[PDB]
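Take a look at the structure set out below.
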Amino acid sequence: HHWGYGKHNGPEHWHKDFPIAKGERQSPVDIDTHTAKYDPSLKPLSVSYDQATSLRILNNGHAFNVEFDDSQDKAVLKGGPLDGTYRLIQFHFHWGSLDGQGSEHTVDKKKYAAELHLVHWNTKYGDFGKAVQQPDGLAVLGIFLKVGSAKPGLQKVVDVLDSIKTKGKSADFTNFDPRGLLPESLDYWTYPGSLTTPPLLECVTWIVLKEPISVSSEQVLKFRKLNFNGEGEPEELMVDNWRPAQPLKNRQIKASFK
Ligand SMILES: Cc1cc(C)[n+](CCc2ccc(S(N)(=O)=O)cc2)c(C)c1
Ligand SMILES: [Zn+2]
Numbered sequence: 003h004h005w006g007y008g009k010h011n012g013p014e015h016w017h018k019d020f021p022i023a024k025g026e027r028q029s030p031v032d033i034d035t036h037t038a039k040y041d042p043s044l045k046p047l048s049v050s051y052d053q054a055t056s057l058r059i060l061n062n063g064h065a066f067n068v069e070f071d072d073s074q075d076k077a078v079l080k081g082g083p084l085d086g087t088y089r090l091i092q093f094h095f096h097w098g099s100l101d102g103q104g105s106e107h108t109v110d111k112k113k114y115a116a117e118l119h120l121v122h123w124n125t127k128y129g130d131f132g133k134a135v136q137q138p139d140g141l142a143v144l145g146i147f148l149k150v151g152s153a154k155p156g157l158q159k160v161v162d163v164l165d166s167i168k169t170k171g172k173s174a175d176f177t178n179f180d181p182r183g184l185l186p187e188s189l190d191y192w193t194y195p196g197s198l199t200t201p202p203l204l205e206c207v208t209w210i211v212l213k214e215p216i217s218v219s220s221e222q223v224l225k226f227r228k229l230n231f232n233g234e235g236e237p238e239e240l241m242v243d244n245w246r247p248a249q250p251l252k253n254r255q256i257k258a259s260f261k
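Residue numbering for the sequence shown is 3 to 125, 127 to 261, as defined by PDB author numbering.
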């Protein structure tokens, strides 16, 4: 049995198979807004998802992935603290069993109901595989979810979860526009970190948006109906698949605004 989010295989156990879990630039982290400093050397962030092409949605037993075709330059993240172009490969979420928790990054210790992660890899490294062998191989755009009014652009994702309840299942999911998941403002905090799940590789430049999106109680409730287990296995609701905030150590979180 591999890593999970339970008492016997959760976050506090990961360091055993993945020692870097105790590394120098692990994620997530708490964002102390008062300590974060405005950085004028940051260029305007550029998110271009106009040509994005989704392919499939998958339940990997830890969350669900909406995968995109990254064989060409379509859906790229540029500017900000990033040098060059990063290509969108997939997006997934982290959520809790209750609205009071679920996000990985926290704001002044405040936990949101969930957190969306749009994953991109640095195109100068050929592909994802090579990218994860570099300190600047990845860029993840994090967006917080709070419970309130529904998010229209997230519904198509919500309605397909029925077809991928258990680990291993996947369903076709073309023509999904990730632009319908972004808040109005692109203000953000940024810092060098890592993947928040094993292998927990420290190759990520995190870009976390200040403004969160609102989703309905009904929508997040469906996220919670998913399973960690595979078909025909005792049911284990897919909830609280988030890693707690890790030590900041020698890092500074910069703000794109004021
Ligand atoms: C080929 C390939 C193999 C793997 C394991 N992955 C997923 C890796 C991964 C793991 C966790 C985060 S997260 N939670 O956003 O830090 C982002 C990417 C991708 C995107 C492509
Ligand atoms: Zn994630």
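Quick reminder that beta carbons are idealized off the backbone N, C-alpha and C, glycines included.
Beta-bridge pairing of residue i - partner residues as DSSP gives them
i: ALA142; result: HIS122, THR208
i: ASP175; result: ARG58
i: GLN222; result: Bridge partners of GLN222: none, in fact.
i: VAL242; result: Its beta-bridge partners do not exist; DSSP assigns none.
i: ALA23; result: DSSP, once it has assigned bridges, lists no residue as partnering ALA23.
i: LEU185; result: None; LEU185 has no bridge partner.
i: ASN67; result: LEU60
Coarse secondary structure for residue i, derived from DSSP in three states
i: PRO195; result: strand
i: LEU157; result: helix
i: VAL163; result: helix
i: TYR40; result: strand
i: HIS94; result: strand
i: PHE131; result: helix
i: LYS257; result: strand
i: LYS149; result: strand
i: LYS18; result: helix
Residue i versus residue j: straight-line alpha-carbon distance, rounded
i: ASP71; j: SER105; result: 27 Å
i: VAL49; j: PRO250; result: 29 Å
i: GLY140; j: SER197; result: 11 Å
Residue i: CB within 7 Å of a non-hydrogen atom of ligand 2
i: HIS119; result: yes
i: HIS96; result: yes
i: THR199; result: yes
Check: residue i C-beta below 7 Å from any heavy atom of ligand 1
i: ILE91; result: yes
i: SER29; result: yes
i: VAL49; result: no
i: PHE66; result: no
i: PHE147; result: no
i: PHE131; result: yes
i: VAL143; result: yes
Any non-hydrogen atom of ligand 3 within 7 Å of residue i CB
i: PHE226; result: For ligand 3, the structure offers nothing, since it holds only ligand 1 and ligand 2.
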